[PDB]
$ cat run.cif   # mmCIF, C-alpha atoms and all ligand atoms
data_structure
#
loop_
_atom_site.group_PDB
_atom_site.id
_atom_site.type_symbol
_atom_site.label_atom_id
_atom_site.label_comp_id
_atom_site.auth_asym_id
_atom_site.auth_seq_id
_atom_site.Cartn_x
_atom_site.Cartn_y
_atom_site.Cartn_z
ATOM 1 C CA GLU A 1 0.000 0.000 0.000
ATOM 2 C CA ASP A 2 1.124 3.585 -0.330
ATOM 3 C CA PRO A 3 2.036 5.262 2.981
ATOM 4 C CA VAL A 4 1.162 8.752 1.696
ATOM 5 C CA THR A 5 -1.457 9.665 -0.951
ATOM 6 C CA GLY A 6 -2.278 13.084 -2.303
ATOM 7 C CA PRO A 7 -3.515 14.666 -5.509
ATOM 8 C CA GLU A 8 -1.310 14.002 -8.515
ATOM 9 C CA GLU A 9 -2.133 17.495 -9.769
ATOM 10 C CA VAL A 10 -3.344 20.713 -8.178
ATOM 11 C CA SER A 11 -4.095 24.159 -9.591
ATOM 12 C CA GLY A 12 -3.861 27.674 -8.207
ATOM 13 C CA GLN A 13 -4.106 31.232 -9.462
ATOM 14 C CA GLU A 14 -1.533 33.960 -8.975
ATOM 15 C CA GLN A 15 -2.427 36.053 -5.891
ATOM 16 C CA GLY A 16 -4.740 33.307 -4.627
ATOM 17 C CA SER A 17 -4.046 30.322 -2.440
ATOM 18 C CA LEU A 18 -4.107 26.590 -2.840
ATOM 19 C CA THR A 19 -4.609 23.768 -0.395
ATOM 20 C CA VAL A 20 -3.235 20.246 -0.738
ATOM 21 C CA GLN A 21 -4.359 17.383 1.470
ATOM 22 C CA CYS A 22 -2.069 14.387 1.861
ATOM 23 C CA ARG A 23 -3.605 11.350 3.488
ATOM 24 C CA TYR A 24 -1.362 8.813 5.132
ATOM 25 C CA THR A 25 -1.903 5.351 6.528
ATOM 26 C CA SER A 26 -2.675 5.320 10.219
ATOM 27 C CA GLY A 27 0.610 3.781 11.403
ATOM 28 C CA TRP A 28 2.466 6.974 10.454
ATOM 29 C CA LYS A 29 0.525 9.102 13.002
ATOM 30 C CA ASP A 30 3.490 9.893 15.251
ATOM 31 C CA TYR A 31 5.972 10.782 12.459
ATOM 32 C CA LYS A 32 6.733 14.313 11.259
ATOM 33 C CA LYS A 33 4.983 15.357 8.021
ATOM 34 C CA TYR A 34 6.394 17.728 5.421
ATOM 35 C CA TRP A 35 5.946 19.577 2.130
ATOM 36 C CA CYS A 36 9.018 19.657 -0.091
ATOM 37 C CA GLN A 37 9.660 21.660 -3.251
ATOM 38 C CA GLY A 38 11.479 20.911 -6.442
ATOM 39 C CA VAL A 39 13.768 18.385 -8.069
ATOM 40 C CA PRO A 40 15.641 16.150 -7.851
ATOM 41 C CA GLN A 41 13.354 14.199 -5.534
ATOM 42 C CA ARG A 42 15.687 13.340 -2.641
ATOM 43 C CA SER A 43 17.207 16.851 -2.735
ATOM 44 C CA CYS A 44 13.936 18.815 -2.630
ATOM 45 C CA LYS A 45 13.747 21.817 -0.293
ATOM 46 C CA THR A 46 11.604 21.247 2.794
ATOM 47 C CA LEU A 47 9.334 24.300 3.081
ATOM 48 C CA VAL A 48 7.532 23.288 6.301
ATOM 49 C CA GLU A 49 7.595 20.224 8.576
ATOM 50 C CA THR A 50 5.405 19.333 11.560
ATOM 51 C CA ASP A 51 6.746 18.264 14.982
ATOM 52 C CA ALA A 52 4.679 14.990 14.968
ATOM 53 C CA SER A 53 1.781 16.699 16.795
ATOM 54 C CA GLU A 54 -1.339 18.455 15.460
ATOM 55 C CA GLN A 55 0.256 21.908 15.930
ATOM 56 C CA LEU A 56 0.343 24.288 12.975
ATOM 57 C CA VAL A 57 3.685 25.187 11.393
ATOM 58 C CA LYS A 58 3.650 28.253 9.133
ATOM 59 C CA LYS A 59 6.799 29.555 7.451
ATOM 60 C CA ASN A 60 6.858 32.255 4.808
ATOM 61 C CA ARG A 61 3.806 31.676 2.582
ATOM 62 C CA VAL A 62 3.264 28.014 3.494
ATOM 63 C CA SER A 63 1.443 26.228 6.318
ATOM 64 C CA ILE A 64 1.062 22.592 7.344
ATOM 65 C CA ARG A 65 -1.106 20.913 9.963
ATOM 66 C CA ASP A 66 -1.556 17.218 10.757
ATOM 67 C CA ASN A 67 -5.045 15.870 11.610
ATOM 68 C CA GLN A 68 -4.120 12.743 13.569
ATOM 69 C CA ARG A 69 -7.746 11.675 14.094
ATOM 70 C CA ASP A 70 -8.438 11.174 10.375
ATOM 71 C CA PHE A 71 -4.798 10.824 9.183
ATOM 72 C CA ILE A 72 -4.638 13.751 6.772
ATOM 73 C CA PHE A 73 -2.133 16.611 6.717
ATOM 74 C CA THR A 74 -3.150 19.871 5.051
ATOM 75 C CA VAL A 75 -0.733 22.214 3.290
ATOM 76 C CA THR A 76 -1.681 25.747 2.233
ATOM 77 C CA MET A 77 0.365 28.050 0.001
ATOM 78 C CA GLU A 78 -0.857 31.665 -0.073
ATOM 79 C CA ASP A 79 -0.240 34.744 -2.246
ATOM 80 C CA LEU A 80 0.762 32.473 -5.082
ATOM 81 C CA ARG A 81 3.313 33.495 -7.682
ATOM 82 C CA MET A 82 4.017 31.874 -11.035
ATOM 83 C CA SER A 83 7.322 30.604 -9.598
ATOM 84 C CA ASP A 84 5.280 28.468 -7.183
ATOM 85 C CA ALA A 85 4.337 26.023 -9.946
ATOM 86 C CA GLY A 86 6.217 22.779 -10.518
ATOM 87 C CA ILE A 87 6.992 19.556 -8.711
ATOM 88 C CA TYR A 88 6.432 19.141 -4.968
ATOM 89 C CA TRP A 89 6.270 16.226 -2.552
ATOM 90 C CA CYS A 90 4.247 15.284 0.497
ATOM 91 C CA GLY A 91 6.587 13.410 2.775
ATOM 92 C CA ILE A 92 7.000 11.617 6.068
ATOM 93 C CA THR A 93 10.302 11.905 7.919
ATOM 94 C CA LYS A 94 11.877 8.705 9.090
ATOM 95 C CA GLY A 95 15.300 7.243 9.538
ATOM 96 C CA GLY A 96 16.345 5.890 6.185
ATOM 97 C CA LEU A 97 14.297 6.398 3.044
ATOM 98 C CA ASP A 98 11.336 8.746 3.567
ATOM 99 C CA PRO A 99 7.872 7.968 2.200
ATOM 100 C CA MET A 100 7.174 10.566 -0.520
ATOM 101 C CA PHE A 101 4.352 11.353 -2.950
ATOM 102 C CA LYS A 102 4.718 13.615 -6.007
ATOM 103 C CA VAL A 103 2.279 16.523 -6.488
ATOM 104 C CA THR A 104 2.506 18.703 -9.609
ATOM 105 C CA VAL A 105 1.308 22.314 -9.183
ATOM 106 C CA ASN A 106 -0.077 24.422 -12.046
ATOM 107 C CA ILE A 107 -0.355 28.202 -11.544
ATOM 108 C CA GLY A 108 -2.248 30.604 -13.793
ATOM 109 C CA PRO A 109 -1.311 34.286 -14.101
ATOM 110 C CA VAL A 110 -3.338 37.369 -13.275
ATOM 111 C CA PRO A 111 -5.085 38.862 -16.318
HETATM 112 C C1 LIG A 201 13.552 14.105 1.091
HETATM 113 N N1 LIG A 201 14.324 15.007 1.937
HETATM 114 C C2 LIG A 201 14.982 15.986 1.093
HETATM 115 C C3 LIG A 201 13.398 15.678 2.835
HETATM 116 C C4 LIG A 201 15.300 14.296 2.765
HETATM 117 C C5 LIG A 201 16.125 13.249 1.990
HETATM 118 O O1 LIG A 201 15.344 12.135 1.645
HETATM 119 P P1 LIG A 201 15.528 10.719 2.471
HETATM 120 O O2 LIG A 201 16.958 10.195 2.284
HETATM 121 O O3 LIG A 201 15.321 10.979 3.947
HETATM 122 O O4 LIG A 201 14.571 9.746 1.899
HETATM 123 CA CA CA A 202 14.922 10.011 6.028
#

$ encode --input "run.cif" --output "structure tokens"
Amino acid sequence: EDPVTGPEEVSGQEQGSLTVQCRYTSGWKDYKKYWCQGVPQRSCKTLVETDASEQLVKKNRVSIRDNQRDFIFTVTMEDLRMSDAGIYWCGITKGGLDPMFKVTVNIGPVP
């Protein structure tokens, strides 16, 4: 089974926000969750990472919060710019190889 599942594709508009939900299998409750940007995959930049609780982490234009009742972590990116498009990953931090799931972001420009 896949430890982490999100949307393969998500869309946002410049100046708006977008929200990505990554579900994870229940056993990964007590592991830190993260949202990572760019390529190559194992060298992506971690934008935000939880502390393995339900507490919100917000850094720069990005927030993440883990719902450990329903096993879904929610990422929001606000005040979107065209440079926010591209490849991202929902991830779980563990010793050794992290579970990761690729999300591709499309951004449309202001008229
Ligand atoms: C994916 N990462 C950039 C957050 C860390 C490196 O990946 P991994 O070796 O822990 O799987
Ligand atoms: Ca790791």

$ atom_distance --input "run.cif" --atom1 "CA of residue 18 in chain A" --atom2 "CA of residue 97 in chain A"
27.9 Å

$ closest_residue --input "run.cif" --among "A:29, A:90, A:78, A:109" --to "residue 58 in chain A" --atoms "only C-alpha atoms"
A:78

$ residues_near_ligand --input "run.cif" --ligand "ligand LIG 201 (chain A)" --cutoff "9 Å" --atoms "all atoms listed in the file" --output "VMD selection string"
chain A and resid 34 to 37 40 to 46 89 91 to 100

$ resolve_selection --input "run.cif" --expression "the PyMOL selection byres (((chain A and resi 64) around 9) and not hetatm)" --output "ChimeraX atom specification"
/A:33-35,48-50,55-58,62-63,65-66,73-76

$ atom_distance --input "run.cif" --atom1 "CA of residue 12 in chain A" --atom2 "CA of residue 39 in chain A"
19.9 Å

$ resolve_selection --input "run.cif" --expression "the PyMOL selection byres (((chain A and resi 69) around 12) and not hetatm)" --output "ChimeraX atom specification"
/A:23-30,53-54,66-68,70-73

$ atom_distance --input "run.cif" --atom1 "CA of residue 108 in chain A" --atom2 "CA of residue 13 in chain A"
4.8 Å

$ residues_around --input "run.cif" --residues "residue 6 in chain A" --least-positions-apart "5" --cutoff "7 Å" --atoms "only C-alpha atoms" --output "PyMOL selection string"
chain A and resi 21-23+101
